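You are given structure tokens for the same protein chain in two forms, set apart as structure 1 and structure 2.
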Structure 1
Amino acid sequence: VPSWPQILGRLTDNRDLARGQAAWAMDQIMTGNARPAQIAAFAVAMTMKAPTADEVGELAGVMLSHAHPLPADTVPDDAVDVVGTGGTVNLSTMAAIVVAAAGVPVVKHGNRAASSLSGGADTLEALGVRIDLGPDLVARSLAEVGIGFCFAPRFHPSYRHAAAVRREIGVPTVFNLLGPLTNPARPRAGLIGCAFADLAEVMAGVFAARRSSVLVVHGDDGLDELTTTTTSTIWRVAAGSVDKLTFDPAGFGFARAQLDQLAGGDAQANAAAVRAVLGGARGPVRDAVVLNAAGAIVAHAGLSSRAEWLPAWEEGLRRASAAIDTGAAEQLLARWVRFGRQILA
């Protein structure tokens, strides 16, 4: 019979949990039954033990079970997520728009900045996108615009107890991996960036168990996106298995960049950077958008077949660049904004 003493005792002893123990803990957390101290002890102990893919799957699966779903048959079978976890202008917001403009449906998931968890909501808001929508309007956005956004607090109202604890302790934990694994629209493909290099192998194992087509990505400079500044580690998930690879953007003709050139600031500065890139401005920010958009496209392609790596990337990069240069990406953002403004009437 599961208890906090028993579960925490096992973690502090540096032991993997028994099956079901992670799930039980998550259910206590999601039901308002776990005290802030119990939530905090578990979050910290799980992090220092080092979670396994099976334990993270239990946490995500229980949390998903408490989430509002999107209506049935409203998510295309081949939707993708584009996101980074924890850890500079929001490349993932721009790449998502570019990917959708290339004809791949995108469903994002997040909160406002520095909260649980993955976000990007502030930037979208700064652009005039209505972020706060229920499942029916997300599904409609997805069908009519090609992109949608799931606002975490709206879709995961039962995570409020954990969210409040994460704020009190303000240190990164296992709970930081949950955003990409609990997207309410359950896309089967994704480009997933992870700051914490070690946990990215674990995240990938969960996507493998799900039979997802995902590139989990780690900038060897510490970024949670694919980088132009140096190389990257990629976990390529498809057909139930992971294989780690080194990724070098110079091998496609990208110039090495400086971290000072991807810098960000308030929501408005970053909205200006989005508008610049979508309007065709060239530079290392664009380079970085195209690259991450290509990865997501390559992930998406992995749903249908196994195409070979370098030609998949060659096509993804071209599709991303063309989504920008035809004006399709700018025009998609404009349709997204128009869609949100039509809801009022």
Structure 2
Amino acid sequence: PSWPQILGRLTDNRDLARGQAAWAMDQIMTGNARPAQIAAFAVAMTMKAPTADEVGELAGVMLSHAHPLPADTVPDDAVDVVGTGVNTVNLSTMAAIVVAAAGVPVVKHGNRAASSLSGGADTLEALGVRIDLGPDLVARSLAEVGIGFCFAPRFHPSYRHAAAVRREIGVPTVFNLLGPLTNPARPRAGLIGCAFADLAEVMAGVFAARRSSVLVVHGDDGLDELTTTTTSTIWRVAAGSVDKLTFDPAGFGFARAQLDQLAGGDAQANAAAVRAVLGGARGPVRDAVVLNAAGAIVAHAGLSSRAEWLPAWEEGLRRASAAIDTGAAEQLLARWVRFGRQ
């Protein structure tokens, strides 16, 4: 294999041969790829339209270079809640806290962002959470708080050349999919949002080849989370298969919201919204947080429970609303801040 061979196949709009994506990713992860090569590959893979097999190789090779959490410190039923990217870091941050407050272990994965729009880590820091912890400490956090956060650069140091290139070019590429696919705690369940229906289906394919119970979701308004402004598409993944469906939260009594109402802002704006919602403020933002938290709980249930789709959603919505209303979510955040200060 070589760059001219792989790049040529992509620019010819052809799927790669098995092993080629992995070769490219390993070159990237080992410092052997020139920045021009990295960028050409990222762009060509994006414009060709990546397959699940290709993205599975990229993520898999990336994971092989990552630091893991210590042996047996991640509960078998840990979940992630995240979107691939305007962003909904506000929503996924709140949902994660609500989910952990409902009693489900959560482990997230993220970085500080250059943008005025908050990355995952930025909003959490604004809330007083300590985001850059080593594997042993992330593990303690999980055991004692029921939530943990893996700071991407610490857990994926060998991804530094790819990350640099991605910032240099700015444009979204297939590499934007790797974050939720490379959570170093390797949780087996989750709610994973994607802004593009076609890439969502590709990610669901990747999760299907893993031992996973996941809802990959796409708002039909383009949101990378379950939306309340219209329907969403859900790729339900369990036991190596995928069940794709149209989902409508009006069936659970959610009023229709407007897109402008749900969008995240900078870290400080987000932190303010988090305090209002966890303190009980009603509105479109709470509704979307509850909806996505419930979705993550439904995914979690798929790991063990044999509860069917509809009663799982009903219980998921009950648990998520209750985690907010009883102050459990506000208390968990405070406990999370305490853990860091100590």
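Just so we're on the same page, rigid core means the largest C-alpha set that superposes within 1.5 Å between forms. When a residue number appears, read it as a position in the sequence of structure 1, where counting begins at 1.
Looking at CA displacements between the two structures with the core superposed, a shift of 2 Å or more is confined, among 265, 128, 103, 157, to 265. A movement of the C-alpha atom of residue 119 reaching 2 angstroms or beyond is seen between the two structures when the two forms are aligned on their rigid core. Look at residue 137: with the core superposed, its C-alpha moves 0.5 Å between the two structures.
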